[PDB]
């Protein structure tokens, strides 16, 4: 559904809308990767990051948190000229701080997935949208999660960005009622 996919026609973006965005994601490492890539979105089109995903994977150990968490200024120095990623130093540093935060969460709570999913009581919040104009960009839960993640050292993940992540990972289902890609919830 065109309306649901923000009126974007580029089929690389539509692929993301159709096969990733809003589909419940329960795997800890996959959640981390999606969150990390979401943090790179700011001030750019999502298509920009999508086309660079494989480059980010090569830059960041396939977003494996134990490996990313150990990266240093020395790695970031190198990555500032690594081809086909966005060379915004604070964005790149943020991915490392996020990986460190993930490890701290898993130390305290066991599972990064269980930590995040707890914010919606273990099942997707169906926002029951019918029109694209129904959509909000932030809420109280995303704001609290943003704050809570900040306490474990996560960076570049403000309330609006976290809200976007919740929708992307399917913790929130923001697909329109008549979108072919709207997931079934039981």
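Residue numbers count along the first chain shown, from 1.
Undergrad: Going by the mean C-alpha B-factor recorded in the entry, which is higher: 70 to 78 or 89 to 97?
TA: Of 89 to 97 and 70 to 78, the stretch with the higher C-alpha B-factor average is 89 to 97.
Undergrad: Looking only at CA atoms, which has the higher mean B factor in the entry: 45 to 53 or 133 to 141?
TA: Taking the mean C-alpha B-factor of 45 to 53 and of 133 to 141, the larger value falls to 45 to 53.
Undergrad: Name the residue from 178, 10, 18, 173 with the greatest C-alpha temperature factor listed in the entry.
TA: Largest recorded C-alpha B-factor: 178.
Undergrad: Between 118, 28, 40, 146, where does the Cα B-factor run highest in the record?
TA: Across 118, 28, 40, 146, the entry lists the biggest C-alpha B-factor for 40.
Undergrad: Would you mind ranking residue 158 by its C-alpha B-factor against the rest of the chain and naming the third, lowest, middle or highest?
TA: Its C-alpha B-factor, which the entry lists for residue 158, ranks in the middle third among residues of this chain.
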